[PDB]
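Inspection log for the structure reproduced underneath, given as structure tokens.
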Amino acid sequence: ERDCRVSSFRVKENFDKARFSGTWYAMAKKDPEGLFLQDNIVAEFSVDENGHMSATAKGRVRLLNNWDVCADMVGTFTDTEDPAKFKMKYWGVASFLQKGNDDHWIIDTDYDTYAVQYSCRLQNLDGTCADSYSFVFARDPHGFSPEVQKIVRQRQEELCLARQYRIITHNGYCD
Ligand SMILES: CC1=C(/C=C/C(C)=C/C=C/C(C)=C/CO)C(C)(C)CCC1
């Protein structure tokens, strides 16, 4: 009975870019297809004078070579008609890192403790997502209380992603 069409997903009402600013530690992720950030993932969001949001993110990536590297990423976000839906242009500090443009949706956040992000890269003809990624972020590097765990779990179910996330660890590889 679950509607899994991307157009059906609810996103954060009246999303506030300034309140979302600062440091977020990725706690868990749902992988898309292909090359992606693996672990030790930390993003810092900021908003300029003109309200333009950008972010930096660091994380370990394993290259097609099996070459392990600490990627230093940059992203710039373009606002849309829905405050919680952006277009994210990204690139690496290193020329060999992937560059792209992804949808960047803030599904839910309380700004102070957690955030659930989503991106559908490829849709099926039926409107459902064929290739998606999702991060769960925390403000506190130690993670969340069981009560917040419950809220996150529900959002995971609502995106049709239950049981598809794995824990992201932080062990100083990129420090
Ligand atoms: C930039 C940006 C993000 C996405 C980074 C990604 C998608 C990087 C892919 C990197 C790899 C693929 C390197 C291999 O060459 C996330 C959503 C975490 C939030 C903050 C800023």
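Quick note on naming: the chains in the structure tokens go A, B, ... in the order shown, residues restart at 1 in each chain, and ligands are numbered from 1 in order of appearance.
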
Could the residues of range 35-65 of chain A that have an atom at most 12 Å from range 124-134 of chain A be listed as CSV, each with its closest atom pair and the distance in Å to one decimal, counting only C-alpha atoms and ordered by chain and ascending residue number?
residue,atom,partner,partner_atom,distance
A:35,CA,A:133,CA,11.7
A:36,CA,A:133,CA,9.6
A:37,CA,A:133,CA,10.8

Residues from last step as file, C-alpha atoms, as a PDB file, in the first residue's frame:
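Below is the file that was written, again-v5.pdb:
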ATOM      1  CA  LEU A  35      31.491   5.202  -6.969  1.00  0.00           C
ATOM      2  CA  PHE A  36      30.570   7.035  -3.756  1.00  0.00           C
ATOM      3  CA  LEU A  37      31.768   8.294  -0.388  1.00  0.00           C
TER       4      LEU A  37
END

Please report as a tab-separated table every residue of range 2-53 of chain A lying within 10 Å of range 152-164 of chain A, along with the nearest atom pair and their distance in Å (one decimal), using only C-alpha atoms.
residue	atom	partner	partner_atom	distance
A:2	CA	A:160	CA	7.9
A:3	CA	A:160	CA	8.4
A:4	CA	A:160	CA	6.0
A:5	CA	A:159	CA	8.9
A:6	CA	A:159	CA	8.1
A:8	CA	A:159	CA	9.3
A:9	CA	A:159	CA	6.8
A:10	CA	A:158	CA	8.7
A:28	CA	A:164	CA	9.8
A:29	CA	A:164	CA	8.2
A:30	CA	A:164	CA	5.8
A:31	CA	A:164	CA	8.1

Would you mind exporting the chosen residues as a compact mmCIF listing (two decimals), in the first residue's frame, restricted to C-alpha atoms?
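The result, stored in result-v7.txt:
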# COMPACT_ATOMS: atom_id res chain seq x y z
CA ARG A 2 3.04 2.28 0.28
CA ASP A 3 3.39 5.02 -2.36
CA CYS A 4 7.08 5.01 -3.43
CA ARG A 5 6.84 7.64 -6.16
CA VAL A 6 9.47 10.35 -5.61
CA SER A 8 4.93 11.61 -3.29
CA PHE A 9 7.67 12.10 -0.71
CA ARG A 10 7.20 14.78 1.93
CA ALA A 28 24.28 6.20 8.12
CA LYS A 29 23.79 6.10 4.39
CA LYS A 30 21.87 4.33 1.62
CA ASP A 31 24.26 3.83 -1.30

Residues within 10 Å of ligand 1 should be enumerated using only C-alpha atoms and all ligand atoms and returned as a PDB file with C-alpha atoms, in the first residue's frame.
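Written file, selection.pdb:
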ATOM      1  CA  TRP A  24      26.876  17.588  10.353  1.00  0.00           C
ATOM      2  CA  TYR A  25      28.371  14.076  10.845  1.00  0.00           C
ATOM      3  CA  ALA A  26      26.957  11.404   8.549  1.00  0.00           C
ATOM      4  CA  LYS A  29      23.785   6.099   4.389  1.00  0.00           C
ATOM      5  CA  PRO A  32      23.474   4.614  -4.913  1.00  0.00           C
ATOM      6  CA  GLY A  34      28.649   3.306  -8.576  1.00  0.00           C
ATOM      7  CA  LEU A  35      31.491   5.202  -6.969  1.00  0.00           C
ATOM      8  CA  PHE A  36      30.570   7.035  -3.756  1.00  0.00           C
ATOM      9  CA  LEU A  37      31.768   8.294  -0.388  1.00  0.00           C
ATOM     10  CA  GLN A  38      32.343   5.349   1.923  1.00  0.00           C
ATOM     11  CA  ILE A  41      31.860  11.570   6.177  1.00  0.00           C
ATOM     12  CA  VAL A  42      31.539  15.074   7.603  1.00  0.00           C
ATOM     13  CA  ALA A  43      29.868  17.995   5.836  1.00  0.00           C
ATOM     14  CA  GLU A  44      29.872  21.698   6.811  1.00  0.00           C
ATOM     15  CA  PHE A  45      27.054  23.798   5.406  1.00  0.00           C
ATOM     16  CA  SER A  54      27.039  25.800  -0.073  1.00  0.00           C
ATOM     17  CA  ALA A  55      28.793  22.941   1.611  1.00  0.00           C
ATOM     18  CA  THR A  56      32.115  21.217   1.981  1.00  0.00           C
ATOM     19  CA  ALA A  57      32.252  17.485   2.719  1.00  0.00           C
ATOM     20  CA  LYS A  58      35.193  15.158   3.403  1.00  0.00           C
ATOM     21  CA  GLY A  59      35.038  11.367   3.277  1.00  0.00           C
ATOM     22  CA  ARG A  60      37.028   8.283   2.301  1.00  0.00           C
ATOM     23  CA  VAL A  61      36.454   7.048  -1.252  1.00  0.00           C
ATOM     24  CA  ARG A  62      37.819   3.834  -2.726  1.00  0.00           C
ATOM     25  CA  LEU A  63      38.851   4.376  -6.333  1.00  0.00           C
ATOM     26  CA  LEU A  64      38.182   1.994  -9.241  1.00  0.00           C
ATOM     27  CA  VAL A  69      41.663   8.518  -0.861  1.00  0.00           C
ATOM     28  CA  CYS A  70      40.249  11.269   1.350  1.00  0.00           C
ATOM     29  CA  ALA A  71      38.013  13.266  -0.958  1.00  0.00           C
ATOM     30  CA  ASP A  72      37.568  16.984  -0.344  1.00  0.00           C
ATOM     31  CA  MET A  73      34.300  17.953  -1.900  1.00  0.00           C
ATOM     32  CA  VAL A  74      32.467  21.185  -2.579  1.00  0.00           C
ATOM     33  CA  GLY A  75      28.845  21.718  -3.408  1.00  0.00           C
ATOM     34  CA  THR A  76      26.700  24.709  -4.276  1.00  0.00           C
ATOM     35  CA  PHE A  77      22.941  24.623  -3.986  1.00  0.00           C
ATOM     36  CA  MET A  88      23.316  20.541  -6.018  1.00  0.00           C
ATOM     37  CA  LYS A  89      26.359  21.124  -8.161  1.00  0.00           C
ATOM     38  CA  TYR A  90      29.425  19.392  -6.802  1.00  0.00           C
ATOM     39  CA  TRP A  91      33.102  18.954  -7.558  1.00  0.00           C
ATOM     40  CA  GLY A  92      36.303  17.825  -5.918  1.00  0.00           C
ATOM     41  CA  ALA A  94      41.299  17.078  -6.705  1.00  0.00           C
ATOM     42  CA  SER A  95      40.684  17.076 -10.465  1.00  0.00           C
ATOM     43  CA  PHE A  96      40.205  13.320 -10.546  1.00  0.00           C
ATOM     44  CA  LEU A  97      37.265  13.376  -8.187  1.00  0.00           C
ATOM     45  CA  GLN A  98      33.762  13.019  -9.502  1.00  0.00           C
ATOM     46  CA  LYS A  99      31.822  16.125 -10.504  1.00  0.00           C
ATOM     47  CA  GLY A 100      28.056  16.274 -10.984  1.00  0.00           C
ATOM     48  CA  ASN A 101      24.635  17.782 -10.414  1.00  0.00           C
ATOM     49  CA  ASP A 102      22.182  15.981  -8.130  1.00  0.00           C
ATOM     50  CA  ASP A 103      18.775  16.757  -6.661  1.00  0.00           C
ATOM     51  CA  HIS A 104      19.304  17.468  -2.919  1.00  0.00           C
ATOM     52  CA  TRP A 105      16.197  17.122  -0.794  1.00  0.00           C
ATOM     53  CA  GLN A 117      18.641  13.851   3.120  1.00  0.00           C
ATOM     54  CA  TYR A 118      17.557  12.188  -0.152  1.00  0.00           C
ATOM     55  CA  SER A 119      18.481  12.226  -3.811  1.00  0.00           C
ATOM     56  CA  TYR A 133      21.139   7.839  -2.172  1.00  0.00           C
ATOM     57  CA  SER A 134      20.280   9.017   1.328  1.00  0.00           C
ATOM     58  CA  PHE A 135      22.288  10.278   4.259  1.00  0.00           C
ATOM     59  CA  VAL A 136      21.248  10.439   7.900  1.00  0.00           C
ATOM     60  CA  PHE A 137      23.165  13.225   9.645  1.00  0.00           C
TER      61      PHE A 137
END

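Using only C-alpha atoms, the smallest distance between any of A:11, A:171, A:114, A:1 and residue 86 in chain A comes from A:11.
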
Q. Which parts of chain A does DSSP call strand (DSSP E or B) when run on the backbone here, written out as a ChimeraX atom specification?
A. /A:5,22-30,37-47,53-62,68-79,85-92,100-109,114-123,128-138,166-167

request  = Quick one: pick out all helix (DSSP H, G or I) residues within chain A from a backbone DSSP run and write them as a list in words.
outcome  = residues 6, 7, 8, 17, 18, 19, 20, 146, 147, 148, 149, 150, 151, 152, 153, 154, 155, 156, 157 and 158 of chain A

Q) Residues at most 10 Å from residue 83 in chain A, counting only C-alpha atoms, excluding those fewer than 5 positions away in the same chain, as a ChimeraX atom specification? A) /A:11-17,105-106

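In this structure, CA of residue 27 in chain A sits 5.9 Å away from CA of residue 167 in chain A.
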